[PDB]
Structure formats: structure tokens, C-alpha cells
$ cat data_6.txt   # compact mmCIF, C-alpha atoms
# COMPACT_ATOMS: atom_id res chain seq x y z
CA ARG A 326 44.68 121.88 102.69
CA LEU A 327 42.43 121.91 99.59
CA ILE A 328 39.41 120.06 98.24
CA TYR A 329 40.44 118.16 95.14
CA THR A 330 37.89 117.03 92.53
CA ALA A 331 39.13 114.54 89.92
CA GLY A 332 37.25 113.60 86.75
CA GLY A 333 33.64 113.49 86.33
CA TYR A 334 31.17 113.63 83.60
CA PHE A 335 29.45 116.11 81.43
CA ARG A 336 28.66 113.81 78.42
CA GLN A 337 32.35 112.75 78.26
CA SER A 338 34.66 111.31 80.93
CA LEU A 339 36.50 114.41 82.05
CA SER A 340 40.10 114.54 83.06
CA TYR A 341 40.02 117.69 85.20
CA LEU A 342 41.90 117.86 88.48
CA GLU A 343 40.89 121.07 90.27
CA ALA A 344 41.35 122.00 93.91
CA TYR A 345 39.13 124.34 95.92
CA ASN A 346 40.39 126.70 98.61
CA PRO A 347 37.52 127.30 101.08
CA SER A 348 39.27 130.40 102.51
CA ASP A 349 40.16 132.40 99.39
CA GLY A 350 37.49 130.88 97.10
CA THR A 351 39.91 129.88 94.33
CA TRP A 352 39.76 126.82 92.05
CA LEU A 353 43.27 125.67 91.11
CA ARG A 354 43.71 123.87 87.79
CA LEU A 355 46.21 121.04 88.26
CA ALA A 356 47.61 118.18 86.17
CA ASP A 357 44.98 116.38 84.07
CA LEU A 358 44.19 112.75 84.71
CA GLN A 359 46.05 110.49 82.31
CA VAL A 360 42.67 109.11 81.15
CA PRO A 361 39.25 110.85 81.28
CA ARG A 362 37.19 109.11 83.96
CA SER A 363 33.69 109.40 85.42
CA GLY A 364 32.23 107.28 88.22
CA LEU A 365 35.58 107.06 90.03
CA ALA A 366 36.36 107.59 93.69
CA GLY A 367 39.09 109.65 95.32
CA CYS A 368 40.95 109.25 98.60
CA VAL A 369 44.19 110.27 100.27
CA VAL A 370 46.83 108.01 101.85
CA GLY A 371 49.97 109.59 103.18
CA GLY A 372 49.67 112.91 101.48
CA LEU A 373 48.91 111.40 98.09
CA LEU A 374 45.64 111.72 96.17
CA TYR A 375 44.35 108.48 94.61
CA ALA A 376 41.82 108.18 91.75
CA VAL A 377 40.20 104.72 91.78
CA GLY A 378 38.17 102.96 89.09
CA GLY A 379 35.48 104.69 87.09
CA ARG A 380 34.73 104.70 83.37
CA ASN A 381 36.03 106.41 80.23
CA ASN A 382 33.01 107.60 78.22
CA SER A 383 34.52 108.97 75.03
CA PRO A 384 33.01 109.83 71.64
CA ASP A 385 35.24 107.05 70.30
CA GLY A 386 34.72 104.39 72.97
CA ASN A 387 33.31 103.50 76.37
CA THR A 388 35.35 101.39 78.81
CA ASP A 389 35.08 100.82 82.54
CA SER A 390 38.35 101.29 84.42
CA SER A 391 40.28 99.13 86.87
CA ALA A 392 42.93 101.83 87.08
CA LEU A 393 44.48 103.21 90.25
CA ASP A 394 46.40 106.48 89.81
CA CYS A 395 48.33 108.57 92.32
CA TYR A 396 48.63 112.37 92.38
CA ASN A 397 51.42 114.12 94.33
CA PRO A 398 50.76 117.78 95.25
CA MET A 399 54.51 118.27 95.71
CA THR A 400 55.24 117.49 92.07
CA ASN A 401 51.81 118.21 90.52
CA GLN A 402 52.27 114.90 88.71
CA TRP A 403 50.14 111.78 88.29
CA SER A 404 51.73 108.33 88.46
CA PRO A 405 49.96 105.03 87.80
CA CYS A 406 49.66 102.28 90.37
CA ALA A 407 48.91 98.60 90.06
CA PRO A 408 45.28 98.19 88.91
CA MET A 409 42.39 96.44 90.60
CA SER A 410 41.52 92.90 89.64
CA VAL A 411 38.40 94.10 87.75
CA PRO A 412 37.04 97.36 86.30
CA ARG A 413 34.72 99.14 88.77
CA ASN A 414 32.52 101.93 87.44
CA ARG A 415 30.51 103.85 90.08
CA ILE A 416 32.84 102.53 92.78
CA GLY A 417 33.03 103.35 96.47
CA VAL A 418 36.28 103.41 98.42
CA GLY A 419 37.45 103.76 101.99
CA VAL A 420 40.78 103.91 103.77
CA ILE A 421 41.62 101.78 106.81
CA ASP A 422 45.12 101.78 108.33
CA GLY A 423 46.69 103.29 105.22
CA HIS A 424 44.99 100.68 102.99
CA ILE A 425 42.49 101.52 100.22
CA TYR A 426 39.40 99.34 100.01
CA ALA A 427 37.61 99.28 96.63
CA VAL A 428 33.95 98.32 96.96
CA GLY A 429 31.40 97.18 94.39
CA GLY A 430 30.92 99.05 91.15
CA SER A 431 30.05 97.66 87.75
CA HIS A 432 31.82 96.20 84.72
CA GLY A 433 29.51 96.17 81.74
CA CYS A 434 26.55 94.15 82.98
CA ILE A 435 28.42 92.72 85.98
CA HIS A 436 27.38 94.35 89.25
CA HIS A 437 30.08 93.59 91.81
CA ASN A 438 29.69 92.43 95.33
CA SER A 439 33.45 91.84 95.38
CA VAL A 440 35.84 93.99 97.42
CA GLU A 441 39.62 94.35 97.25
CA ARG A 442 42.32 96.02 99.33
CA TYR A 443 45.28 98.09 98.11
CA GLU A 444 48.54 98.37 100.05
CA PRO A 445 50.57 101.41 98.93
CA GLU A 446 53.80 100.13 100.51
CA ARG A 447 53.85 97.06 98.23
CA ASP A 448 51.79 98.47 95.29
CA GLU A 449 49.56 95.39 95.59
CA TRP A 450 45.83 94.64 95.47
CA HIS A 451 44.30 91.61 97.21
CA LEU A 452 40.65 90.51 97.16
CA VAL A 453 38.89 90.33 100.52
CA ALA A 454 35.48 88.97 101.51
CA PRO A 455 32.74 90.17 99.14
CA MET A 456 29.72 92.09 100.31
CA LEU A 457 26.41 90.46 101.07
CA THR A 458 24.98 92.65 98.30
CA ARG A 459 25.97 93.59 94.77
CA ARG A 460 26.21 97.39 94.87
CA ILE A 461 27.01 99.93 92.19
CA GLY A 462 26.87 103.61 92.96
CA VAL A 463 27.58 102.54 96.52
CA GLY A 464 28.54 105.05 99.22
CA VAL A 465 31.47 104.04 101.42
CA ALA A 466 32.67 105.33 104.78
CA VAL A 467 35.07 104.28 107.51
CA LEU A 468 34.11 104.79 111.14
CA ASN A 469 36.41 103.51 113.90
CA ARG A 470 38.31 101.23 111.47
CA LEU A 471 35.11 99.60 110.22
CA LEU A 472 34.18 99.89 106.54
CA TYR A 473 30.57 100.77 105.72
CA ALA A 474 28.91 100.25 102.33
CA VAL A 475 25.68 102.23 102.02
CA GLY A 476 22.88 102.04 99.45
CA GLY A 477 23.57 101.62 95.74
CA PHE A 478 21.99 99.67 92.88
CA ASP A 479 22.14 95.87 92.50
CA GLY A 480 21.24 95.87 88.78
CA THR A 481 17.52 95.47 89.37
CA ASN A 482 16.64 97.33 92.56
CA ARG A 483 18.02 100.41 94.27
CA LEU A 484 18.94 99.93 97.92
CA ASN A 485 18.54 101.48 101.34
CA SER A 486 20.36 98.60 103.01
CA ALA A 487 23.78 99.07 104.58
CA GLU A 488 26.44 96.60 105.69
CA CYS A 489 29.66 96.72 107.66
CA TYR A 490 33.03 95.10 106.96
CA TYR A 491 35.25 93.89 109.82
CA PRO A 492 38.83 93.92 108.46
CA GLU A 493 40.42 91.58 110.98
CA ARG A 494 37.52 89.15 110.92
CA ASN A 495 37.28 89.53 107.10
CA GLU A 496 33.50 89.39 107.08
CA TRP A 497 30.54 91.56 106.15
CA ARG A 498 27.53 92.05 108.42
CA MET A 499 24.27 93.85 107.69
CA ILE A 500 23.46 96.91 109.81
CA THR A 501 20.31 99.02 110.15
CA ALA A 502 19.05 100.18 106.76
CA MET A 503 18.70 103.84 105.86
CA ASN A 504 15.37 105.62 105.93
CA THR A 505 15.65 106.27 102.19
CA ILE A 506 16.68 104.25 99.18
CA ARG A 507 19.71 105.87 97.54
CA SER A 508 22.05 105.01 94.70
CA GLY A 509 24.75 107.54 93.87
CA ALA A 510 24.52 109.26 97.25
CA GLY A 511 27.40 111.07 98.87
CA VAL A 512 28.51 109.16 101.95
CA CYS A 513 31.15 110.35 104.41
CA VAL A 514 32.03 110.34 108.11
CA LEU A 515 31.76 113.56 110.11
CA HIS A 516 32.49 113.66 113.83
CA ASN A 517 31.37 110.20 114.88
CA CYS A 518 28.52 109.65 112.42
CA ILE A 519 28.06 108.40 108.86
CA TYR A 520 26.29 110.86 106.59
CA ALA A 521 24.37 109.87 103.48
CA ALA A 522 23.40 112.85 101.30
CA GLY A 523 21.29 112.89 98.16
CA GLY A 524 21.39 110.15 95.56
CA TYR A 525 18.65 108.56 93.47
CA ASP A 526 15.80 106.31 94.63
CA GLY A 527 14.76 105.20 91.12
CA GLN A 528 12.12 107.93 90.85
CA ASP A 529 13.63 111.19 92.09
CA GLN A 530 16.99 112.71 92.74
CA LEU A 531 17.11 113.47 96.46
CA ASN A 532 18.03 116.44 98.62
CA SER A 533 17.53 114.62 101.90
CA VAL A 534 20.46 113.85 104.22
CA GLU A 535 20.53 111.30 107.02
CA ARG A 536 23.19 110.23 109.48
CA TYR A 537 24.01 106.98 111.23
CA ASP A 538 24.98 106.96 114.89
CA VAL A 539 26.91 103.77 115.66
CA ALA A 540 25.87 103.94 119.32
CA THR A 541 22.10 104.00 118.71
CA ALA A 542 22.53 101.97 115.47
CA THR A 543 19.97 104.36 113.99
CA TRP A 544 19.82 106.50 110.84
CA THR A 545 18.43 110.00 111.54
CA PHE A 546 17.47 112.72 109.07
CA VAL A 547 19.19 116.08 109.30
CA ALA A 548 18.82 119.24 107.25
CA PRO A 549 18.35 118.56 103.59
CA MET A 550 20.54 120.00 100.86
CA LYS A 551 19.40 123.01 98.89
CA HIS A 552 19.63 121.05 95.61
CA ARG A 553 18.60 117.50 94.83
CA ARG A 554 21.54 115.70 93.31
CA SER A 555 22.64 112.19 92.37
CA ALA A 556 26.23 111.14 91.66
CA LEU A 557 27.59 114.02 93.73
CA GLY A 558 31.07 114.24 95.14
CA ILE A 559 31.46 114.64 98.88
CA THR A 560 34.22 115.23 101.41
CA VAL A 561 34.87 116.65 104.86
CA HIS A 562 37.09 119.72 105.27
CA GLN A 563 37.62 121.35 108.69
CA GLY A 564 34.59 120.02 110.54
CA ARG A 565 32.15 120.51 107.61
CA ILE A 566 30.71 118.50 104.73
CA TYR A 567 31.14 119.67 101.15
CA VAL A 568 29.01 118.24 98.32
CA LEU A 569 30.15 118.93 94.75
CA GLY A 570 28.10 118.82 91.57
CA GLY A 571 25.93 115.87 90.64
CA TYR A 572 22.87 115.40 88.46
CA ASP A 573 19.35 116.60 89.22
CA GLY A 574 17.48 114.82 86.40
CA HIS A 575 17.93 117.85 84.12
CA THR A 576 21.41 119.37 84.44
CA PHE A 577 24.90 118.56 85.58
CA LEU A 578 25.34 120.83 88.59
CA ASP A 579 28.32 123.05 89.38
CA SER A 580 26.82 123.98 92.75
CA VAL A 581 28.90 123.26 95.86
CA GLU A 582 27.02 123.19 99.18
CA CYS A 583 28.55 123.08 102.66
CA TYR A 584 26.99 121.54 105.77
CA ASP A 585 27.73 123.01 109.21
CA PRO A 586 26.82 120.38 111.82
CA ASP A 587 26.76 122.90 114.67
CA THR A 588 23.87 124.82 113.08
CA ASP A 589 22.45 121.92 111.02
CA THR A 590 22.39 124.23 108.00
CA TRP A 591 23.46 123.92 104.37
CA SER A 592 24.87 126.90 102.45
CA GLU A 593 26.06 127.35 98.87
CA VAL A 594 29.72 128.33 99.01
CA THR A 595 30.98 128.18 95.41
CA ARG A 596 30.48 126.93 91.89
CA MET A 597 32.84 124.57 90.12
CA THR A 598 34.36 125.83 86.88
CA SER A 599 31.88 123.59 85.03
CA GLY A 600 29.00 121.35 86.03
CA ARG A 601 29.77 117.67 86.32
CA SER A 602 28.61 114.51 88.03
CA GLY A 603 30.45 111.39 89.17
CA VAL A 604 33.64 113.02 90.45
CA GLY A 605 36.19 111.68 92.91
CA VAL A 606 36.76 114.07 95.81
CA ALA A 607 39.26 114.17 98.68
CA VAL A 608 41.30 116.56 100.85
CA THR A 609 45.06 116.92 101.00
CA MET A 610 47.75 119.60 101.25
CA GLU A 611 47.88 122.34 98.65
CA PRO A 612 50.43 121.90 95.84
CA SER A 613 53.77 123.69 95.55
CA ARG A 614 53.75 125.52 92.18

$ encode --input "data_6.txt" --output "C-alpha cells"
Amino acid sequence: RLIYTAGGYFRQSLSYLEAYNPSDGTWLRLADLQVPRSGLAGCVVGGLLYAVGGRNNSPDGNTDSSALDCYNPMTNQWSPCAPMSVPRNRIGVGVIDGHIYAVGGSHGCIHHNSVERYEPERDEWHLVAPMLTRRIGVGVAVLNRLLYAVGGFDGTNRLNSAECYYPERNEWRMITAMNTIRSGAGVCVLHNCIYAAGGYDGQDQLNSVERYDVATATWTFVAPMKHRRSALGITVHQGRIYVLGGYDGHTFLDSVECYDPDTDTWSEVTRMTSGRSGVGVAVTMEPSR
């Protein structure tokens, strides 16, 4: 299995799809996205890689994206899916029971609290209950079939609050807030905790990392990253957290750091082929040829 990074930004919505092999160190260059996109999210259902939402920043035009696109490592081909009801730049997504939940994001000046659910078997999106909070640059994670939306930016204030979606009750409920305000953090689930890494508090890009334990309903700090970064990509591969790229207030990083929970240590493991922020990241099987 490989770590796929789709899109991103380095002053232009990129269309790179590259996949990292944590054993042999290689970056594989795969089929380009059909449309350059930054601020998207990635996820995997079945064995398929999905690129959700984002924004096409081009020298000739700037447009947020409602698009859902599907990448098949067996064919090294992208195929489009039905799109979301609205464009969602700086989106968060999570997967519950083979369904993709799209959360928040922005469309021009609209900052969404709305949420919608994709079913791959019917190629259909349906709106569900909206969040209590409008959130762009929101981190999303799924723990025990509950959907968590963490931090973000409501258009005026950046947020440390977090809330939890109950699919079968179709309702959102606020949980304990994070220690730190973060928009554009990397949020994932590792073991049985929700990690929130980096992001932007409105003053500084952050290297701090904290983790939510559902049992103690408490957010605890762990080892911080080596590099402060906002709009980083994040995923879990083989018991460890990988953070990719991001923005540190001066440069678009190519640094990839890896968190080992057993030692509570971060290490730099690779560089991307070029620095970028706002990527979609997820893990699936390596391609064929």
C-alpha cells in the first residue's frame, strides 16, 4: 500500500497525483487530476481513491470545485463521479460504512455548515444535518462510526471547537474543544484517538499536536512536529501518522514527517518532489503499471 497525494497548491492549483512508498522511499508519478485542485480532500472507499472538492486557482481563473473524482490504481485512470450539491474549498471528509461525508468548506464568501453524504453504489449525494458551526479548513475524522469535525475558520474567527455527527440519529453534538485554535490542521484517527496536528490560529502556523481520547473526552498534547505547517496533508500508514507539506508563513513545504505513537517522536522521512500545501492524502494499494 502507498501514500497518495493529490493536488495541492504552489501558486496554482496543481494536478499531481504522486504515491509514496515508505519502504523503498520512492515517489511514483501517476495520472494527473483532470482539473488542477487545491484545498481538496482525499479518501479511499473499496480500493478506490477519491478527490473531493477544492478549488482551481489558475492564472486564467479561480473557481471553487464541487467535483468528486475517482482514481483506480488498477487502471491508473481517473473517472468523474456525481458532484456535490455545492462547491467546497478547504473541505474535510470522512468515510463511514463505505459512504463519503463532505463537511464544510467555502464557496466564494459562503462558509458552509452544510454536510452531504456520497454513496458509491448509487453514485448519489444527499444532504444530511448541517453542523452547528460554519467551518472551512475543517479537520475531519471518523472514530467508531462517529464523524468528528475539528477546528476550522467560520469566516470571522478561527476555531478550537469540535463537534460530533451521529449518522443514524442524523444530528450534530458539540464535544470538548481542543486546547488550541486551528484552521487547516491535519486531523486523523490513529489507534483509538483523534489527532489534530498543526494548522493556523490566526497568528502563527503551529507545530503542536494534540489527541482526543473518546473515553476521557479530553484533548491531550503529544510531541510536536518538527516544522510548523498549515494546510498540511495527513494520513495513517501502518500504525504511524504521516504529514505532508503545508505552509509555514514563508514557504510551501515539501517536508514529510512521520509520527511513531510508541515512542511519541516525529521524524522526517522524505521530501515530496515539490513543496505544496492543501493536498488530499489517502492510502490504498499500489498501482499495476

$ residues_around --input "data_6.txt" --residues "stretch 360-368 of chain A" --least-positions-apart "3" --cutoff "6 Å" --atoms "all atoms listed in the file" --output "list in words"
residues 332, 333, 334, 338, 339, 340, 374, 375, 376, 377, 378, 379, 380, 381, 414, 415, 416, 603, 605, 606 and 607 of chain A

$ closest_residue --input "data_6.txt" --among "A:410, A:545, A:439, A:555" --to "residue A:502" --atoms "all atoms listed in the file"
A:545

$ atom_distance --input "data_6.txt" --atom1 "atom CA of residue A:427" --atom2 "atom CA of residue A:460"
11.7 Å

$ atom_distance --input "data_6.txt" --atom1 "atom CA of residue A:421" --atom2 "atom CA of residue A:491"
10.6 Å

$ closest_residue --input "data_6.txt" --among "A:348, A:462, A:472, A:382" --to "residue A:335" --atoms "all atoms listed in the file"
A:382

$ residues_around --input "data_6.txt" --residues "residue A:500" --least-positions-apart "3" --cutoff "12 Å" --atoms "only C-alpha atoms" --output "PyMOL selection string"
chain A and resi 457+471-476+485-490+497+503+537-539+541-544

$ write_last_selection --input "data_6.txt" --atoms "C-alpha atoms" --output "tab-separated table (two decimals), in the frame of the given file"
chain	number	residue	atom	x	y	z
A	457	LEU	CA	26.41	90.46	101.07
A	471	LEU	CA	35.11	99.60	110.22
A	472	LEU	CA	34.18	99.89	106.54
A	473	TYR	CA	30.57	100.77	105.72
A	474	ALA	CA	28.91	100.25	102.33
A	475	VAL	CA	25.68	102.23	102.02
A	476	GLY	CA	22.88	102.04	99.45
A	485	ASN	CA	18.54	101.48	101.34
A	486	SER	CA	20.36	98.60	103.01
A	487	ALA	CA	23.78	99.07	104.58
A	488	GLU	CA	26.44	96.60	105.69
A	489	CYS	CA	29.66	96.72	107.66
A	490	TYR	CA	33.03	95.10	106.96
A	497	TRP	CA	30.54	91.56	106.15
A	503	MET	CA	18.70	103.84	105.86
A	537	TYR	CA	24.01	106.98	111.23
A	538	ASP	CA	24.98	106.96	114.89
A	539	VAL	CA	26.91	103.77	115.66
A	541	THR	CA	22.10	104.00	118.71
A	542	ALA	CA	22.53	101.97	115.47
A	543	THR	CA	19.97	104.36	113.99
A	544	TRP	CA	19.82	106.50	110.84
